[PDB]
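All ligand and atom numbering here is 1-based and tracks the order in the structure. Values reported hereafter were calculated over all heavy atoms of this structure, with side chains retained and with hydrogens, waters and symmetry mates removed. Sequence lines set the chain letters: A, B, ... in the order given, protein chains first and strands last, and positions in each chain run from 1.
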Amino acid sequence: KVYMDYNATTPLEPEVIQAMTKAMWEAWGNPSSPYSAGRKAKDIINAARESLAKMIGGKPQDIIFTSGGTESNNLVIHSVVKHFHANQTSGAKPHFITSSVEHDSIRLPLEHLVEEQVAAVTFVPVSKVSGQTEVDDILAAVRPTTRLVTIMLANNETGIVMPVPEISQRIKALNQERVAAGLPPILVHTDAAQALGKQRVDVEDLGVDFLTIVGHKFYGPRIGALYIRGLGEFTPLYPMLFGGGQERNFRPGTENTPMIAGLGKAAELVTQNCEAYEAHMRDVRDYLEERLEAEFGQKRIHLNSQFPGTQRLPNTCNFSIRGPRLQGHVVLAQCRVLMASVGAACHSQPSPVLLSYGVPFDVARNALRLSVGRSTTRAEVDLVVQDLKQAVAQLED
Amino acid sequence: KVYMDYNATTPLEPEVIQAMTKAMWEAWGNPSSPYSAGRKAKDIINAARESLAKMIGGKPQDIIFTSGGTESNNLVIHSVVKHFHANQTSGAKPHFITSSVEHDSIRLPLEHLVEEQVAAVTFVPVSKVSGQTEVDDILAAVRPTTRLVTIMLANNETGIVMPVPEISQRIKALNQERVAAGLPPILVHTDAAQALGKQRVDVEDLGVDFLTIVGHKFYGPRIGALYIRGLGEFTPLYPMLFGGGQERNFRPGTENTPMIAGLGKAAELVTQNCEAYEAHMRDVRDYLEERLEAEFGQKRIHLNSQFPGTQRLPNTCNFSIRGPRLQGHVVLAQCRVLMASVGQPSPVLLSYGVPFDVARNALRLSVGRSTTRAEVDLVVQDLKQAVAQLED
Ligand SMILES: *Cc1c(COP(=O)(O)O)cnc(C)c1O
Ligand SMILES: *Cc1c(COP(=O)(O)O)cnc(C)c1O
């Protein structure tokens, strides 16, 4: 078997498992306590927070632990609404700007708020030419009531990277004018789930006020975190949860020490090795694309992740094989080596996301998402490409 | 060293750790996906759900996994408010009835709703006679706008068990009359965090519509679950989170398979051994109280967890040693064997009518599965020693 669904989830690094397993046995105490077991836990959590900050070029004061990317993403949106309501408690609705290709945990909370008449939202389309939301279109959607721009750093289906530094830069410049006109500053969030561990992620270069971190996309456990620039002092955060004071009351509940241990260790590995991970992923992905074009013919392959001049994740190859019988899911069902997907694991009809990218229906119908990882080898690419060869041959008879 | 703070948290059972580590290595796949590491994951999650159902005498369809007791408790409150808003949009506010001794993850979200003028809340005091919220007072607090009664099944500080079955029964009876007057039915939740694994918890006996489960109170991992009676069909649940369809869209987010594997295994051990666990804790806790009274003298000891007639957890002993110097935190600080807690004196003990002088000397000892009578003897001697040097 060969796994190429790393965008859906990654296995745990053995050092990550070690951190978690040891924490289970040795660090089991309530972190709020002065005994060995609880003091050990507090230390693990403090160290983990430093690691996360280091991974994204931030400070630990700006990181809070969460149950995962879904929570982190929901919390940013929740907080922006609560903040608006608190400013007015002193019927206008807050406005959000986002992209047409966001994860369910950004798109769905925003749809819900529109349905419920709590907020206004602009879903900015991606360019059919660049595959990015144009920064001009984002700036053209601004209203007096706009309070958040949320744009994913990299798309999970295509791998396409969004122009988040430009967005932040242009929003900061706009905000100077807004504040001077009595219009509150617009905050910027990016869902960085798919970028972490695949390319450098640095909050100063990104310029963002919030950033979502998702452990299971970078060989860490199924918990997450949220970066909040100057949490408290510069960026407000209104909690969704109320209880016993943990995470400075931004995210109460007894801390999950083993999960935090794992997340911290997964972050350390990214900090040490990101450049090597990126290099490896790119070599094997590019090699996959070369072998697919040599084996099937350049005329028969649509590279759906390639938009001219647009940066993408090093590990992602979304592509389609031309043929009326070669719908993605049917091709995968005949493969005996390849384990991959046709889109988001959680959506397991063509991908709405690909259609939003302007991929024609005949192509989108045949799309397969292969996403490689740290251990993936060229020999494994060769095995996968032969597997695809036999599967297409099977369906063509 | 001897641990007697199991009400704060438990260590993990060895079996629980193995379920988790096995899932880490072998069941790492996305559960939403189809393939080895991922079918393995979905299998684990399904089996765990059945285990949790079995522990509480319910069905797996009525169980959702959460990140912990705080999320589960907040989710119940949130849902009741949303439901009320949904009903009205086709300035009335929902009303909640709760107790004065709830955990921060029930008390604080309710306080926040009062502060934000989103809901009305009655915090019903506990009687200083029985140490329980009187069911009469709960029913007397009912309003047309009442939508939820939430009363913790056992208190974490004192161990005192609340009359949740009576509460549920009297509310169900009220509801027949309410519905026939065009008044919506009142739902009942119990935070069962402190009862699970210490005494039998059964949703049919309890009569509740919602029930919070907290893994780290019963030798499981730091995640949780929520029971919702006839989830979908009978009891509404409006989610807090939006995302990719997991937990039937009641609680989206990629499932934490290893945590779930551990919670399921912890639940399996409770189902298999709950009675043995109860009997052991009761023996050891009762021996603790005997040995305290023998060593310090009966008149020297206030047993704060003891109200005559009133049921309590088998493992909990909240007590005070009478003495000007013997404030709880100072006594613990001088102990070299006992590891425990005091819970300023506890606001919860004050709410129980414990006089200030006794309250501030209060120590909370809560014993566990492994605690022995020999360990009790060590702890009681350590206490004597500690008291002696604070008395010079
Ligand atoms: C421990 C506990 C909880 C859950 O709190 P978490 O910090 O989220 O584990 C809830 N209620 C009671 C009574 C508890 O003792
Ligand atoms: C995987 C992922 C997430 C995190 O969602 P969870 O299911 O909670 O892990 C968030 N955003 C994107 C773009 C993702 O790919």
Side-chain angles (χ1 to χ4, degrees), chain A residues 6-10 30-32 66-74 99 101-107 150 152-157 159 162 190-196 212-218 220-224 241-246 251-256 313 344-346 353 371, chain B residues 6-10 30-32 66-74 99 101-107 150 152-157 159 162 190-196 212-218 220-224 241-246 251-256 313 343 348 366:
Chain A
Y6 288 94
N7 284 11
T9 199
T10 56
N30 203 296
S32 302
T66 69
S67 70
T70 298
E71 184 185 343
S72 283
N73 284 340
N74 275 246
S99 80
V101 295
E102 296 296 308
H103 193 258
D104 287 345
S105 64
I106 289 291
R107 182 185 60 89
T150 179
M152 70 204 312
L153 186 46
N155 184 262
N156 53 310
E157 292 202 37
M162 293 298 216
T190 189
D191 186 352
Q194 288 288 344
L196 291 165
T212 294
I213 294 165
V214 183
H216 80 107
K217 314 287 191 178
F218 61 96
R222 290 259 168 75
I223 64 150
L241 264 9
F242 304 84
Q246 299 86 351
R251 207 302 184 181
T254 307
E255 307 91 329
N256 199 320
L313 294 176
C346 59
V353 166
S371 43
Chain B
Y6 292 94
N7 287 14
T9 199
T10 56
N30 197 310
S32 285
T66 69
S67 61
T70 297
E71 180 181 346
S72 292
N73 283 342
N74 277 241
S99 82
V101 300
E102 298 292 311
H103 190 261
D104 285 356
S105 61
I106 287 288
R107 174 180 69 89
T150 169
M152 72 202 316
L153 183 50
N155 181 264
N156 52 319
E157 206 96 330
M162 296 297 215
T190 186
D191 183 352
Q194 289 288 339
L196 286 168
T212 295
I213 299 169
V214 185
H216 78 103
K217 307 295 169 93
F218 62 95
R222 293 260 171 74
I223 67 157
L241 297 174
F242 297 87
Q246 303 92 345
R251 205 302 181 186
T254 304
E255 300 91 331
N256 196 325
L313 297 175
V348 163
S366 44

Every pair of nitrogen or oxygen atoms between ligand 2 and the protein that is under 3.5 angstrom apart - can you list them with their distances to 0.1 Å?
| residue | atom | partner | partner atom | Å |
| --- | --- | --- | --- | --- |
| ligand 2 | 7 (O) | B:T254 | N | 2.9 |
| ligand 2 | 7 (O) | B:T254 | OG1 | 2.6 |
| ligand 2 | 8 (O) | A:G69 | N | 3.4 |
| ligand 2 | 8 (O) | A:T70 | N | 3.0 |
| ligand 2 | 8 (O) | A:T70 | OG1 | 2.8 |
| ligand 2 | 9 (O) | A:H216 | NE2 | 2.8 |
| ligand 2 | 9 (O) | B:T254 | OG1 | 3.4 |
| ligand 2 | 11 (N) | A:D191 | OD1 | 3.3 |
| ligand 2 | 11 (N) | A:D191 | OD2 | 2.6 |
| ligand 2 | 15 (O) | A:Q194 | NE2 | 2.8 |
| ligand 2 | 15 (O) | A:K217 | NZ | 3.2 |

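Of all non-hydrogen atoms in B:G244 and B:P252, the two that sit nearest each other are N-CB, 3.7 Å. A:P31 and A:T254 get closest at one heavy-atom pair: CD-CG2, 4.2 Å.
Side-chain contact of A:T212 with A:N73: a donor-acceptor pair under 3.5 Å is present, judged by distance alone.
Note that CG of B:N256 is 14.0 Å distant from CZ of B:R222, once rounded to the nearest 0.5 Å.
Of the candidates B:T190, B:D191, B:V101, B:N155, B:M162 forms a side-chain contact (heavy atoms from CB on, under 4.5 Å) with just one, namely B:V101.
Using modelled atom types, one side-chain atom of A:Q194 and one backbone atom of A:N7 make a donor-acceptor pair closer than 3.5 Å.
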